[PDB]
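Novice: Here it is: the structure, laid out below.
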Amino acid sequence: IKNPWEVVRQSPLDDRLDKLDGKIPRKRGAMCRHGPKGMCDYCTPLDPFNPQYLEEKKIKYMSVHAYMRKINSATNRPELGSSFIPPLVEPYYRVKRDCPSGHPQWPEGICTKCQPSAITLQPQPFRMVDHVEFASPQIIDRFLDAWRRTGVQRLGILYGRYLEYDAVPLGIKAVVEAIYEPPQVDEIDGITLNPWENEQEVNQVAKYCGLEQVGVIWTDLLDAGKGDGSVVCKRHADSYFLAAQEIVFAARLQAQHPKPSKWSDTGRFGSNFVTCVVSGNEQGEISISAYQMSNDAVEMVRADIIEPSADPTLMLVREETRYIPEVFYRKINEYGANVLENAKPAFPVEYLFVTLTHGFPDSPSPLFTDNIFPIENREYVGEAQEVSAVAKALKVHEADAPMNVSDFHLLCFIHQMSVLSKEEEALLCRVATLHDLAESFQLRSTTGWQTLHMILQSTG
Amino acid sequence: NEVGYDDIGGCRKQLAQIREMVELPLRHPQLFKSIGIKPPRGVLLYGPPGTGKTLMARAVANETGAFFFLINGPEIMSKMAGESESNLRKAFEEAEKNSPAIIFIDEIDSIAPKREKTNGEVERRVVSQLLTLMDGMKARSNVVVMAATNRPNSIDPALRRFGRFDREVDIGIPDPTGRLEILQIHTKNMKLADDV
Amino acid sequence: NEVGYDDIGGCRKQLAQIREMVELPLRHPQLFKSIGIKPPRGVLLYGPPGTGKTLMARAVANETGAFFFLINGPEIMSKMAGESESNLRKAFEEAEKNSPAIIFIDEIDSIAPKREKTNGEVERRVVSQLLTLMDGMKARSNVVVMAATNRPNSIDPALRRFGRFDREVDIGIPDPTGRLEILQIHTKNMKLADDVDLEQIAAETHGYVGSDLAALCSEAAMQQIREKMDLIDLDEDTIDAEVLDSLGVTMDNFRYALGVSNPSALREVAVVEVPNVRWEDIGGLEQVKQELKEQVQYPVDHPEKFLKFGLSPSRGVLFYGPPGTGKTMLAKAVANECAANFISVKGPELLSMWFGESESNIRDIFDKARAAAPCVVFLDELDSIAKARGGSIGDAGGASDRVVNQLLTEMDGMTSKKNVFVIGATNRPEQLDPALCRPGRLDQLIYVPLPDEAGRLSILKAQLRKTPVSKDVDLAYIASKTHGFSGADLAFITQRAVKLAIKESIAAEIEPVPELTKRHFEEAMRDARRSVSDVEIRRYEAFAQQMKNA
Amino acid sequence: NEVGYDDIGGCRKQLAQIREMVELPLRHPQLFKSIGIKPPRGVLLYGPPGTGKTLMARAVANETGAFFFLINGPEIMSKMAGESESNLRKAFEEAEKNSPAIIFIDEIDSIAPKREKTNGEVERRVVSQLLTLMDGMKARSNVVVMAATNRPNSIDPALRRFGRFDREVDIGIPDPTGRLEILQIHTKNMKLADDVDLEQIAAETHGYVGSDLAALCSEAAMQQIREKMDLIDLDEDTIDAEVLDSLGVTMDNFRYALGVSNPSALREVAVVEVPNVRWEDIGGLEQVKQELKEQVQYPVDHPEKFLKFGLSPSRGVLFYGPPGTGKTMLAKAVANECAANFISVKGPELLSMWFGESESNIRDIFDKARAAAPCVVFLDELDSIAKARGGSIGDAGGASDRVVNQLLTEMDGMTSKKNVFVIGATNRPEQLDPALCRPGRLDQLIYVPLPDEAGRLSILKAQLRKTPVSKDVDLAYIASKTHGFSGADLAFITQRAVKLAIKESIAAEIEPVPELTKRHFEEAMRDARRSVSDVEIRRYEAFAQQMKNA
Ligand SMILES: Nc1ncnc2c1ncn2[C@@H]1O[C@H](COP(=O)(O)OP(=O)(O)OP(O)(O)=S)[C@@H](O)[C@H]1O
Ligand SMILES: Nc1ncnc2c1ncn2[C@@H]1O[C@H](COP(=O)(O)OP(=O)(O)OP(O)(O)=S)[C@@H](O)[C@H]1O
Ligand SMILES: Nc1ncnc2c1ncn2[C@@H]1O[C@H](COP(=O)(O)OP(=O)(O)OP(O)(O)=S)[C@@H](O)[C@H]1O
Ligand SMILES: Nc1ncnc2c1ncn2[C@@H]1O[C@H](COP(=O)(O)OP(=O)(O)OP(O)(O)=S)[C@@H](O)[C@H]1O
Ligand SMILES: Nc1ncnc2c1ncn2[C@@H]1O[C@H](COP(=O)(O)OP(=O)(O)OP(O)(O)=S)[C@@H](O)[C@H]1O
Ligand SMILES: [Mg+2]
Ligand SMILES: [Mg+2]
Ligand SMILES: [Mg+2]
Ligand SMILES: [Mg+2]
Ligand SMILES: [Mg+2]
Ligand SMILES: [Zn+2]
Ligand SMILES: [Zn+2]
């Protein structure tokens, strides 16, 4: 039957991004030997993957689409349908199953036709998302209220959508709207989760709101003890950037969130799921470092290969079911040479992440404008989820007052109340995200929101 | 610095060929469309060195209303690995964009020696890049590839096979009649005495 | 741009092979499943360059209902290191996914040279990638690998070994019958005039590939346009349609195009080609005619008497005699009789291909004749092999050199069961070693004498079959006066006499005589000169008396 | 797809070796532990290509209870740099984990060429990776390394040294007995007709490998389908089962399949093969028959008298005489008597393999004969070695060249204890240097005269053993009239007479006579011609009187 890339379906953004070359058109350059409708070696339009263009624009890696249009010819294109080669290959560092050479499975049998290859941890030449647009500082300033009251760290989940980021060519931006937090037992240097219980529920809110789990955020905010918000400069050049337990644990969640792709052999490639670490700069102000594991770093967690050390910069190679061949990493020495060092038993963790930029809009107009809810799983600071706030939050005993539901924490609490049905809550999350007046007037005339009135006109 | 037909002289029979080969399919592709044959996209120039082979390129190219793209031999070979083959792909996409197009390549043997008589695989890639991209063209593109050399034998003959380069055009040494014309080209800018 | 069976023509026997090799396992894999044999997955195409080898791929591929993949030689070699070998792995996984699959690889030698004769290990990896992935296939995959080249010898032979590529399929140069069909393929799209006789063209074209013929069709089209260039102004942006309707290619455009810069095709190789001369075109020598009817026609027609009699024949025939006695045409006329294939090899053709060192082709002469059995292999100018070292006197080196030592192996490396035949011909038979004259190698020795006056009559009858001769011509009175003159001498007289006739013909055209007068003859008869000394004949007649003393 | 002992056949002696080398240390390592020797971990397979070398690996490997690991040659060479050498380290750790282990490496020369003759250091690393990891093994590991190639000379010899690879195991070309078994392996899966005589096929196939025979079985299957193509429509999606049941391959399909191109074998190497001619098939010359019964049959049958007498024999026998005296068949019939192995080497076979420079094979001629002791090495056409420089007159260069200087080393590099024997034969014995005729090298010199009329009687009796001759044939009256005629001449007369019979046989067929009449003979008897001058004989008789003056 068909290919996966003949049955999988891209995102609408991936539908938007395919119809563009992303080519950067030069005008008549230096060594033009032509009239103005001629060309020379120096007035061609440019590439999205052009390294001199990425160097002058200080752009670290090309986008995954700029990677896509680099590695593939234009003719090899899925609108052919049947005759299409997916240029992307999701890594398969597990074990060649169903081996066609007479020997048993991987277990009990091995030959050359079933073994995977030894890993060359180069830097990944591309990344998925380039910019991390936090849609409001009030998204953050709400979120960092737990740390200012306690001082211990905080984990969250990035919600939102992926849009075009036009500053870099073919840039995808992680527009961030919302954060939900599962039950968890919080400590200082590490965090261990409790299992998340309403897994279909909060995901249904994003399905209502038109959001999804677009990534993960957590914090590394250790106040440096001078009372301003300065940190111990701990995530920088000399120390490290990513804790290696954070790398594996995010790659656990990143394996839980791949992205379907019409350009890859499984019909899926990479991951929409991204990673952010809130920290502090050298200047003593609350900064953010955004990353994502490489497609090897996902696979070596999927194929159970690497392991953290006591040194956060060193990553251990696991000793011996499975198959652990060489790992390398290409270097640049002090005269530019590329030396693949033996990564057994340990190696730098540099070759596993990609760097991302991060920021804000010029003026905050997110899909959420309201902030009225005490955050879940904080009964250790007395910040709980009770029904009694809705008399002041949605203002239902003050029955004239308009709709303050523009709050994802509260929208999940309304979804925790689970009163509005699947069409009326998608009429709520219609009005909770778009705020139409005649549709608020429709929702204030719907039965279930008037049921949500008349139930909460009789509470205390 | 911009070359017309008058700026070249003497090799009239050769220019009679190229106008049939280059000027003719571009300003009238309908003729090959009406007669139902394929336009030759394999124009090859060759001759002794320093014989106007680069000069006759723009002498045709500037006398079209067609788009022109220029490729130098050593300019691609000056480039680094991989990036040099990128520019060839950047060449033909612009020509297949601006479909009335002329691609002249000066000193084709520098990017295309014999694959038997060569050492670097980077040379072997850029030959293999060229052999690929010549065949990737279309008749609906209406794009003409010109190439010139002074060593027609040093080329990989797979280019000189059918579909890629068929039109072997030699530029011979001119007669005293034609080289008289060539002197008049250079001296009409000069300031002479009447004894000349 | 999408190719059916009708778009290719002429090489019907070759397409008969490939349909048995490619069309047959795909639309009916049950046949090999019912008979219980393995389907061959090693289809290899080869031939001269520009012979439809890429064309016949899609001619099969588009005429299946099978998923047809594709891989160009230089396209993989254009790619960077490691990534090029990735695409081959990306190739076969898609074919083993879409299990009725065709994998054609054009220009297989570019990704697979000899591993002994190569420099880059990247070339050595992609060969090693190919050798691996060919063996990784399965019979349950039902996936056919096609490959084409123009240099079958430059390939690493590990591909041409068993399991990887077994089906050597050559695409030969077509006959004038088949190339007539090829002209009809290209001209049926063209707009012609009614004078166009492709059959006249196909007779006049002898060693052309279809690429030469397609260039031949493209050339006469341009001269047709050259005739219209007076009516066509290039500064106009669109010419009118009236000259387009009158644009019909004449027969004379092909007569222009016949002597064009396209005629020079690729006939500088070891070719196989059916001849055209017959027994009527060689006058006299009916004794050695029947001797060839004995020695070479009886095995190619009836091997049944041999197994009846338990005796393998003598496969080695040597022609000898004085020079200029038509010994070249003798092997052609007998291959034209019993319809065997024919390979003409001259003396310096061995040497000039060995200044470039083409000696696998010398083996491939025997292999292609084994591939084109029944075939006769004709070795013209065996004195030139002696003249590689000057002679048997020579530069003190005899006939024996690297050529003989190669040929004695390859002549002895022939199975006696094979009807593949070897015909040797020289004019200096003393000057050849008896090691080549050894029984088993070349034991039949045939003297070619001069004809008598009756033979000289029969030659002049046979030579003048296509000439508008006069009616007063007493060829017997010519045959009376021509005594010591060879058959080459008689044709040389006619070349003089026709030149004497043109010294009357266009001489009169400058001041139609389509007749060759006695006055044209008696001038050349007075100017007639013998080319062979009789004392040279007394050597050969002593060899004709006895050369078996050697 | 999983191979037992029954799936391979014919090479029983070779499988007898490997079971001693591979099966024996694994299922009983205690035997080498009890006797206190080291198990050989250096099993090396080699032979011609396509000879079941990959097949015999799993034929042993699947018939153990041992772990097996597989390595392909090009699969490692397909890999990238560093990672390819990783897989070898990943190979042996698994084998030293699962300690009863078999490591077979197919096409070992691709990962191990000569380090002198190679370019990439990546090739030089993976050789150096292999040389390291072979020595890193242990005897307590009980892990056997198998390796196969078709080019045993292209390997770096450091592998073939001690501790790494000691067990050189050649897989020779099978006899007609063993290849009969190979046909039964492939055809027992096939569906045949009752006319099929594999024994008739196996007699008619002489130099084929099993790959040639498997292609031979696959070819006649297709012609059987070609006969059914009229009953099979390819536009149908499934043919009916009635033609499948009638699809039974005929004997004549193999008769078709014997004359096709499959039958091009791989015979162009230095081969060892038992002969077929015997003493009855060579008429006359019983004196030198007994001389060979003295000189070469007594050592191969009884070395016990030599150590009784303290004397090593003369190992060097030179045949000489006039040409065409059956000297080629003489060494074949004596190797067929005492069942010694036989290696036929002709003159230009040395030279043509030295235009490609195969001289380790010339040493390997002696090595394989040492491997196949008892064996006789036959050097046909020793004049051709002189004719490499033209002769002893020649191009002023005598018999001595690079060939002789190689052979004089290799002939002297033979242990006198070895029963490996060297047989030389020429027809121009004056034209050979006495350095090759030196005692210790070639000191026995045997003149081969022409037979008498009684010998010519015995030849014509022996030559006509398989011919349906007439009853009126007085061979003695032929032997009376044939006096100066060689044994080659007598066979040449029969080739004429059979041709004269076919000039009656198929002449009558177009106008069964299975008889060779006196009328067939007295024409050829009148046409009979002597090939040897008696003045040439007076040379040889003076050499037969005395050549020891040299
Ligand atoms: N026939 C000519 N008529 C006019 N100018 C000429 C002629 N031949 C040469 N020239 C001049 O000499 C120059 C030769 O430059 P090129 O054409 O680049 O040399 P080439 O003929 O291309 O051969 P190369 O460059 O050595 S491979 C031209 O650019 C003109 O300036
Ligand atoms: N027998 C033929 N019949 C019809 N067209 C032919 C024939 N031979 C050649 N041509 C034409 O000539 C072109 C040459 O392409 P191919 O012959 O297929 O290339 P090739 O045969 O692989 O030889 P190469 O590419 O030089 S190795 C074909 O595409 C046809 O257009
Ligand atoms: N008996 C003959 N019958 C017909 N044509 C002949 C005869 N003898 C010679 N010729 C012609 O003369 C030429 C001799 O042909 P060839 O075989 O090439 O000559 P040859 O006898 O082989 O000796 P050389 O050394 O090659 S010229 C050819 O053009 C023949 O057509
Ligand atoms: N003695 C034999 N008995 C039965 N089948 C045989 C024999 N020799 C060859 N074959 C067949 O021929 C096929 C060819 O594969 P192999 O001969 O094993 O290859 P090889 O002999 O190892 O030489 P290569 O593969 O070219 S290195 C085998 O798979 C068998 O089907
Ligand atoms: N004594 C003999 N008995 C039987 N056949 C013989 C005898 N002598 C010669 N022949 C035949 O002679 C023919 C040729 O034999 P050869 O072995 O070729 O002669 P030779 O002595 O080896 O010299 P050359 O150089 O090989 S021709 C064969 O058909 C043999 O059957
Ligand atoms: Mg130039
Ligand atoms: Mg081609
Ligand atoms: Mg001749
Ligand atoms: Mg093998
Ligand atoms: Mg002999
Ligand atoms: Zn420009
Ligand atoms: Zn495997």
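A note on labels: chains of the structure tokens are A, B, ... as shown, every chain counts residues from 1, and ligands are counted from 1 in their shown order.
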Please extract the residues at most 7 Å from ligand 1, counting only C-alpha atoms and all ligand atoms, and provide them as number ranges by chain, using the chain letters and residue numbers of this document.
Specialist: B: 8-10, 48-55, 106-107, 148-150, 182
Novice: Pick out the chain A residues within 10 Å of chain C. Count only C-alpha atoms. Give them as a ChimeraX atom specification.
Specialist: /A:1-3,71,82-87,89,100-101,113,265
Novice: Using only C-alpha atoms, I'd like every residue of chain C that has an atom within 6 Å of chain D; please write them out as an NGL selection string.
Specialist: :C and (36 or 125 or 128-129 or 132 or 309-310 or 371 or 396-398 or 405-406 or 548-549)
Novice: Just the selected residues (N, CA, C and O atoms), exported as a compact mmCIF listing (two decimals), in the first residue's frame, please.
Specialist:
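What follows is the written file result18.txt:
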# COMPACT_ATOMS: atom_id res chain seq x y z
N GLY C 36 10.24 -23.64 -10.66
CA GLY C 36 11.15 -23.78 -9.55
C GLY C 36 12.58 -23.38 -9.85
O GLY C 36 13.51 -24.04 -9.39
N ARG C 125 34.40 2.80 -2.27
CA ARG C 125 33.27 2.57 -1.38
C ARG C 125 31.99 2.34 -2.17
O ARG C 125 31.20 1.45 -1.85
N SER C 128 31.87 -0.87 -3.52
CA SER C 128 31.63 -1.78 -2.42
C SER C 128 30.23 -1.62 -1.85
O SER C 128 29.68 -2.57 -1.30
N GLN C 129 29.66 -0.43 -1.98
CA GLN C 129 28.26 -0.26 -1.64
C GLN C 129 27.38 -1.02 -2.62
O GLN C 129 26.38 -1.63 -2.23
N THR C 132 27.64 -4.90 -2.21
CA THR C 132 26.90 -5.30 -1.03
C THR C 132 25.41 -5.32 -1.31
O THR C 132 24.74 -6.33 -1.05
N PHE C 309 29.16 -39.52 -36.57
CA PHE C 309 30.46 -40.08 -36.89
C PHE C 309 31.48 -39.92 -35.78
O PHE C 309 32.60 -40.41 -35.92
N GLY C 310 31.11 -39.25 -34.69
CA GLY C 310 31.98 -39.14 -33.54
C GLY C 310 33.20 -38.28 -33.73
O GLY C 310 34.15 -38.40 -32.95
N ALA C 371 28.86 -15.11 -28.55
CA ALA C 371 27.54 -14.55 -28.31
C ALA C 371 26.71 -14.51 -29.58
O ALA C 371 25.49 -14.69 -29.54
N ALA C 396 64.66 -8.97 -37.26
CA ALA C 396 65.09 -10.28 -36.75
C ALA C 396 63.99 -10.96 -35.95
O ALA C 396 64.06 -12.17 -35.70
N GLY C 397 62.92 -10.24 -35.61
CA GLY C 397 61.78 -10.84 -34.96
C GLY C 397 60.83 -11.39 -36.01
O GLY C 397 60.53 -10.74 -37.01
N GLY C 398 60.36 -12.61 -35.77
CA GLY C 398 59.48 -13.27 -36.72
C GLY C 398 58.04 -12.81 -36.62
O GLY C 398 57.77 -11.67 -36.24
N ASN C 405 50.92 -14.78 -29.39
CA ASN C 405 50.80 -15.40 -28.08
C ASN C 405 49.45 -15.16 -27.44
O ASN C 405 48.97 -16.02 -26.69
N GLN C 406 48.81 -14.04 -27.74
CA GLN C 406 47.43 -13.84 -27.32
C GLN C 406 46.49 -14.67 -28.17
O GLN C 406 45.55 -15.28 -27.65
N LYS C 548 53.33 -28.16 -46.93
CA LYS C 548 53.26 -28.99 -45.72
C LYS C 548 54.63 -29.39 -45.18
O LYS C 548 54.72 -29.81 -44.03
N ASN C 549 55.69 -29.24 -45.98
CA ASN C 549 57.05 -29.33 -45.46
C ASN C 549 57.37 -28.19 -44.50
O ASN C 549 58.24 -28.35 -43.63
Novice: Can you tell me which residues come within 8 Å of ligand 11 when counting only C-alpha atoms and all ligand atoms, ideally as a list in words?
Specialist: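 Every residue with an atom at most 8 Å from ligand 11 is listed here: residues 27, 28, 29, 30, 31, 32, 33, 34, 38, 39, 40, 41, 42, 43 and 44 of chain A.
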Novice: So that I can check the secondary structure, give me every residue of stretch 203-268 of chain A assigned alpha helix (DSSP H) by backbone DSSP, as an MDAnalysis selection string.
Specialist: chainID A and resid 203:209 244:255
Novice: Taking C-alpha atoms for each residue, export the selection above as a PDB file, in the first residue's frame.
Specialist:
ATOM      1  CA  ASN A 203      -4.529  18.281  25.533  1.00  0.00           C
ATOM      2  CA  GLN A 204      -8.223  18.661  24.733  1.00  0.00           C
ATOM      3  CA  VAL A 205      -8.033  22.302  25.834  1.00  0.00           C
ATOM      4  CA  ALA A 206      -5.208  22.884  23.353  1.00  0.00           C
ATOM      5  CA  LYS A 207      -7.304  21.077  20.747  1.00  0.00           C
ATOM      6  CA  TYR A 208     -10.113  23.460  21.669  1.00  0.00           C
ATOM      7  CA  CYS A 209      -7.896  26.564  21.812  1.00  0.00           C
ATOM      8  CA  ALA A 244      22.960  16.046  31.048  1.00  0.00           C
ATOM      9  CA  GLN A 245      20.059  14.721  33.125  1.00  0.00           C
ATOM     10  CA  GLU A 246      18.013  17.496  31.525  1.00  0.00           C
ATOM     11  CA  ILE A 247      19.200  16.324  28.107  1.00  0.00           C
ATOM     12  CA  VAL A 248      18.048  12.728  28.566  1.00  0.00           C
ATOM     13  CA  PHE A 249      14.780  13.670  30.278  1.00  0.00           C
ATOM     14  CA  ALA A 250      13.833  16.136  27.557  1.00  0.00           C
ATOM     15  CA  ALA A 251      14.733  13.556  24.915  1.00  0.00           C
ATOM     16  CA  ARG A 252      12.352  11.224  26.730  1.00  0.00           C
ATOM     17  CA  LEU A 253       9.631  13.808  26.171  1.00  0.00           C
ATOM     18  CA  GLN A 254      10.961  14.602  22.707  1.00  0.00           C
ATOM     19  CA  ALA A 255      10.605  10.970  21.702  1.00  0.00           C
TER      20      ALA A 255
END
Novice: Neighbours of ligand 12 within 9 Å, counting only C-alpha atoms and all ligand atoms, as JSON, numbers by chain?
Specialist: {"A": [96, 97, 98, 99, 100, 101, 102, 103, 104, 105, 106, 109, 110, 111, 112, 113, 114, 115], "D": [69, 70]}
Novice: If I take atom CA of residue A:258 and atom CA of residue A:153, how far is one from the other in Å, to one decimal?
Specialist: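 Result for atom CA of residue A:258 versus atom CA of residue A:153: 27.1 Å, one decimal.
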Novice: Could you go through stretch 11-194 of chain B and tell me which residues DSSP, when run on the backbone, assigns to strand (DSSP E), listing them as an MDAnalysis selection string?
Specialist: chainID B and resid 42:46 67:72 101:106 143:149 167:170
Novice: Near residue A:380, counting only C-alpha atoms, which residues have an atom at most 12 Å away, once you skip same-chain residues fewer than 4 positions from it, shown as a ChimeraX atom specification?
Specialist: /A:146,149-150,183-186,375-376,384
